[PDB]
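Protein sequence lines, in the order shown, are assigned to chains A and B.
Just so we're aligned, residue 397 is where the first sequence starts under the working numbering, counting upward by one.
Just so we're aligned, residue 2 is where the second sequence starts under the working numbering, counting upward by one.
We put the beta carbon where it would ideally sit given N, CA and C, even for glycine.
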Amino acid sequence: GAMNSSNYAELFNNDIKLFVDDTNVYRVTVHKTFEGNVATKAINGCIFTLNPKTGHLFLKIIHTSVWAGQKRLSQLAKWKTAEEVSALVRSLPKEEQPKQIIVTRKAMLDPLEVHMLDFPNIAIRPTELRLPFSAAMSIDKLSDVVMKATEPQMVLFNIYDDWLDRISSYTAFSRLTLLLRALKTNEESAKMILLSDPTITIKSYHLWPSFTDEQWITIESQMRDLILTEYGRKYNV
Amino acid sequence: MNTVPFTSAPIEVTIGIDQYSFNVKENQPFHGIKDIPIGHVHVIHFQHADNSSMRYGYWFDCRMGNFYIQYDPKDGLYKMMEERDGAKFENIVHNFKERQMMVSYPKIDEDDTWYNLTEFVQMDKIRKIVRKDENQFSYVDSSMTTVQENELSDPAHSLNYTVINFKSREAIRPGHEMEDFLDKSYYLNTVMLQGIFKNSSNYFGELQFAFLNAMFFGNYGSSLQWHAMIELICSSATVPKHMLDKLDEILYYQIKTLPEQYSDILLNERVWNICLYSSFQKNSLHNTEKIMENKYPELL
Ligand SMILES: O=C(NCCc1cccs1)c1ccncc1
């Protein structure tokens, strides 16, 4: 059924699974027309498809061309997401295909079930977890490859960098969700905390800075405080 | 003009004949039902006074043979049987008629209700849904499961309705996933109408048979089938005008006939709200929308 707080260790077992987040697939700027009406302009988006055990991120870039001449784009975006996830599964050798696909939004369930009818042994599941994967576009290198794309493209990242050399998947996912929650709540503040010390850099092949174990504890502390700082500033507490 | 005689009525029972019903007492001098209109299928149905779990009956057509009811004290039910000796049967019916031990099928001359509910229902189609090919009549009861209910037990005692499943490879063409899921026209017109039913008459016949089994027996699988067949039409952008006009008449009579006190258990709030107010055909079912709004505004 539904992924929740009660069945959270399941993310880190040896059954291959993927999270799919469709938040950033269909993205628009809203603007005034010469006649003072309102119009949208689409900008490039992405599907966020993540193996929470390995950190493998299948980022399918959604180029604005896929919307040309189409109607009901927020509905089409769910079906295009399900089409591309289905295409990805079909591209993987059988032994790499997921046993479960967890969608971050319940509106993705029927589109993905319908595209995956061919795969009756792949469970399509919702989650009670409120995951901050919308904030993927706050990761500078992911934002950059999406906005520079001139055509449909799949880009592969490890969202955990080399963390799994030193920590478990459970800990890596916890760090990722805390970083993304912070970037979602106050992007400027989160980015200052990550990047304010120029001596700690981002390796060319990484997304996040090269923090020592001790430095990750400080960073993690600053992020939890930002989320409480902003929760105070928000609720006046 | 046709007659279904009863050997006797040894147990107190409510007897249904089509949309009519009456109470018979334990050992009451009752020998059956006369003046049954030729030209239509009929259903004779039973609910024991001592045990309302016993809700069961027989679909028949008097043109297909001479049928009678006889209580089986071993199996504890009223059984339909065929009498192959025409002369004997004619002699029995004549005696019971002379002695006025039969009830008359109480049809009002103005009254097209039963035709309107059974217009497309054929005894040969019923016999394919209910398999017991050594009898010309078909037994149905409240607990019989459908082939679909048995895929989500006993195959011999099941209702073989056409399986409708909106999230099946049958319903969805490769490369047409969104189109086919959001507009069921392919599934209705190519798979079901052209492919399985051959024509809208056979489709309506099954739809009407499912309703009647839902209403007369409280058969849950039948109620699921009736709603799936309505939803498949209402969820199709492209439906022949004659099929929509006929469906409106079919549903109108079904909603008119449904007992008010069963509306809550026999009508699916989600399907009716979607069909009348959100679907492609939301503006196509004028008669049905008007009777539903005036009779069951609480459901909507
Ligand atoms: O009242 C009678 N007709 C039975 C029909 C019914 C069966 C059960 C309720 S009324 C009857 C009584 C005396 N002589 C002939 C017939």
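Counting only the same chain and skipping the five closest in sequence on each side, list residues whose C-beta sits under 6 Å from that of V424 of chain A. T436, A438
Sort B:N200, B:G176, B:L301 by Cα distance to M244 of chain B and report the nearest one. Taking only the C-alpha atoms, the option nearest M244 of chain B is B:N200.
Could you tell me whether the stretch 509 to 517 of chain A touches the stretch 479 to 493 of chain A, using the rule of 3 or more Cβ pairs below 8 Å? Short answer: they touch.
Does any residue of chain B bring its CB to less than 8 Å from the CB of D417 of chain A? no
Should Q137 of chain B be counted as a contact of ligand 1 given a C-beta to heavy atom distance under 7 Å? no
Helix, strand or coil at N96 of chain B according to DSSP, with G and I counted as helix: helix
Quick one: which unbroken alpha helix (DSSP H) runs of 4-plus residues sit fully inside the stretch 581 to 616 of chain A? Chain order, please. 583 to 591
Rounded to whole angstroms, how far is the Cβ of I165 of chain B from the Cβ of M230 of chain B, which I believe are closer than 8 Å? With 8 Å as the limit, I165 of chain B and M230 of chain B qualify as a contact, their Cβ atoms being about 7 Å apart.
Relative to chain A, which residues along the stretch 179 to 193 of chain B have a C-beta separation below 7 Å, given in chain order? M179, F182
Does at least one heavy atom of ligand 1 sit under 7 Å from the Cβ of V25 of chain B? yes
Touch check for the stretch 111 to 125 of chain B and the stretch 184 to 200 of chain B: three-plus C-beta pairs under 8 Å? no
Beta strand (DSSP E) runs contained entirely in the stretch 426 to 505 of chain A, provided each spans 3 or more residues: 434 to 439, 441 to 446, 452 to 458, 496 to 499
What first and last residue would you give for the beta strand (DSSP E) that runs through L414 of chain A? 413 to 417
Would you identify the three-state DSSP class for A519 of chain A, choosing helix, strand or coil? strand
Would the stretch 276 to 287 of chain B count as touching the stretch 231 to 239 of chain B if we require 3 or more Cβ pairs under 8 Å? yes
Have a look at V510 of chain A and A531 of chain A and give me their C-alpha separation to the nearest angstrom. 28 Å
Considering Cα atoms alone, identify which of B:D265, B:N203, B:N269, B:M179 is closest to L472 of chain A. B:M179
Is there a Cβ from chain A that is less than 8 Å from the Cβ of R174 of chain B? For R174 of chain B, the answer is no, since every Cβ of chain A falls outside 8 Å of its Cβ.
Using a Cβ distance threshold of 8 Å, determine whether the stretch 218 to 228 of chain B contacts the stretch 157 to 177 of chain B, with at least three qualifying pairs required. yes
Anything in the stretch 487 to 515 of chain A with a Cβ closer than 8 Å to a Cβ of chain B? List those residues in chain order, please. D506, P507, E509, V510, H511, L513, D514
For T8 of chain B, I'd like the list of residues in its chain whose CB is within less than 6 Å of its CB, leaving aside the five on either flank, ordered along the chain. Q71
Name the chain A residues whose beta carbon is nearer than 8 Å to that of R170 of chain B? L513, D514
Using 8 Å as the threshold, is the stretch 277 to 296 of chain B in touch with the stretch 152 to 159 of chain B, meaning 3 or more CB pairs across them? In short, these stretches do not touch, since the Cβ pair count stays below three.
Partner residues on chain B for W475 of chain A, Cβ-Cβ distance less than 7 Å: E178, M179
Based on Cα-Cα distance, which residue from A:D609, A:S585, A:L624 lies nearest to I596 of chain A? A:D609
Which runs of the alpha helix (DSSP H), 4 residues or longer, sit entirely within the stretch 95 to 144 of chain B? With a minimum length of 4 residues, the continuous alpha helix (DSSP H) runs that stay inside the stretch 95 to 144 of chain B are 114 to 119, 124 to 130.
Please find out if some non-hydrogen atom of ligand 1 comes closer than 7 Å to the beta-carbon of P30 of chain B. yes
Could you pull out every residue in the same chain whose Cβ sits closer than 7 Å to the Cβ of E479 of chain A, ignoring the five residues on either side in sequence? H511
Please check the pair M103 of chain B and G33 of chain B, which I expect to be a contact at CB under 8 Å, by giving their CB distance rounded to whole angstroms. With a contact defined as Cβ atoms closer than 8 Å, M103 of chain B and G33 of chain B qualify at about 5 Å.
Starting from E13 of chain B, follow the alpha helix (DSSP H) in both directions and report where the run begins and ends. Looking at the DSSP string, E13 of chain B is not in any alpha helix (DSSP H), and its letter there is neither H nor E.
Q209 of chain B: beta carbon under 7 Å from a heavy atom of ligand 1? no
Could you tell me the boundaries of the beta strand (DSSP E) in which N52 of chain B lies? Per DSSP, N52 of chain B belongs to the beta strand (DSSP E) from 52 to 61.
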